[PDB]
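structure here, sequence nowhere to be found:
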């Protein structure tokens, strides 16, 4: 489900908040867990990092 994919990636993000950049291997593992493509996983984390630092 979409909520499952979102919660997988959010959990990874908050466990890696000081280095929120998945390696190529970690992207493949996340793609498998979420059912998303590698490209979609990377897009999600690009957006997450942008949103985190976005001005209040």
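Yep, it's here. Numbers count the residues shown, from 1 in each chain.

could I get the buried residue list for the helix with the most length in the chain?
The single longest helix within the chain, with elements called by DSSP state H, is helix 38-53. When burial is assessed from 16 or more other CB atoms under 10 Å, helix 38-53 yields the following buried residues: 41, 42, 44, 45. In short, each C-beta sits where N, CA and C put it, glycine included.

contacting residues around the closest residue to the second one other than its chain neighbours?
If the residues on either side of it in the chain are set aside, residue 42 comes closest to residue 27, at 6.3 Å by CB to CB, 6 or more residues apart in numbering. Residue 27 is in contact with 38, 41, 42, counting by CB atoms under 8 Å, 6 or more residues apart in numbering.

over to residue 49?
Taking CB under 8 Å, 6+ apart as the contact definition, residue 49 lies against residue 20.

ok, the residue located most distally from the centre of the chain to residue 30 distance?
Of all residues in the chain, residue 56 sits farthest from the chain's C-alpha centroid, using CA atoms, centre = their mean; the distance is 21.6 Å. For residue 56, the distance to residue 30 under the criterion CB to CB, to the nearest Å works out to 29 Å.
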